[PDB]
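Undergrad: First the structure, then my questions, so here it is.
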Amino acid sequence: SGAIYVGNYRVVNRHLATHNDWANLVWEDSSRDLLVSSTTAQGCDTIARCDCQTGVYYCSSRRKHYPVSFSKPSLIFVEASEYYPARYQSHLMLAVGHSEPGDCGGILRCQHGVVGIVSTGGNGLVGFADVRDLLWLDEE
Ligand SMILES: CSc1ccccc1CC(=O)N1CCC[C@H](C(F)F)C1
Ligand SMILES: [Zn+2]
């Protein structure tokens, strides 16, 4: 589990969104595994606006933050899980790292701020849903 709290937005994995998220929806995209809902309180996270390929992510199944090198956001085939059939997921970045289903939502960050959240795992790889192109998270 986990979310990004930027401005009056909450960014979560679409497959982990709650009824309150769906009832206060701002934007969602199944192909990216992302959903954004509105919040009453202002958050403290800042979004990175960059092309970094190194950063640090939080892994809840190890209680640890790990430094990683990751690929550029791309269209990657992801195997079937209990939330999605096997399909192409867009705006996804891969790294070598420990992941398990409950690790989704952990933040990946670079020197500029939050880059994305854990969305996929298995086989000693971790995949992150990028958020750096969502410029509207910084306003309104
Ligand atoms: C932490 S992810 C993990 C870890 C070990 C093994 C498998 C997974 C789950 C995983 O890859 N998916 C199921 C949930 C949706 C994900 C993506 F489609 F958005 C795909
Ligand atoms: Zn960066």
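No value in this document is a laboratory result; all are computed from the given coordinates. When we count neighbours, we look across all protein chains shown, and the Cβ atoms used for this are built from the backbone with ideal geometry, even at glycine.
Undergrad: Taking only C-alpha pairs under 8 Å that are 6+ residues apart, what is the relative contact order of the stretch 45-140 in percent?
TA: 30 percent
Undergrad: Where in the stretch 44-78 does the label zone of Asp138 land, with the point 7 angstrom along Cα→C-beta and an amide N cut-off under 16 Å?
TA: In the stretch 44-78, the label zone of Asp138 (backbone N under 16 Å from the point 7 Å along Cα→Cβ) covers 45-52.
Undergrad: Next question, about the same structure. For a bin width of 10 Å, list the pair-distance distribution of the chain built from all Cα-Cα distances, rounded to whole %.
TA: Reading the bins upward from 0: 13, 47, 35, 6.
Undergrad: What whole number of Å gives the distance from the Cα centroid of the stretch 4-67 to the Cα centroid of the stretch 71-140?
TA: 10 Å
Undergrad: Among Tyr57, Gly113, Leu135, flag the residue with its Cα farthest along the positive direction of the charge dipole of the chain, charges on Cβ as +1 for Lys/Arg and -1 for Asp/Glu.
TA: Most positive-ward Cα: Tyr57.
Undergrad: Express in nm, to one decimal, how much length is gained between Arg49 and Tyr88 on full extension, taking 0.36 nm for each residue of separation and deducting their alpha carbon distance.
TA: The span from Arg49 to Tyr88 would gain 11.6 nm if fully extended.
Undergrad: Counting other C-beta atoms within 10 Å, which of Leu34, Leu108, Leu16 has the fewest, and how do the rest follow?
TA: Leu16, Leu34, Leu108
Undergrad: Using DSSP, restrict attention to beta bridges with both residues in the stretch 45-140 and report what percent are antiparallel, rounded to the nearest 5.
TA: Here the share of antiparallel DSSP bridges comes out near 95 percent.
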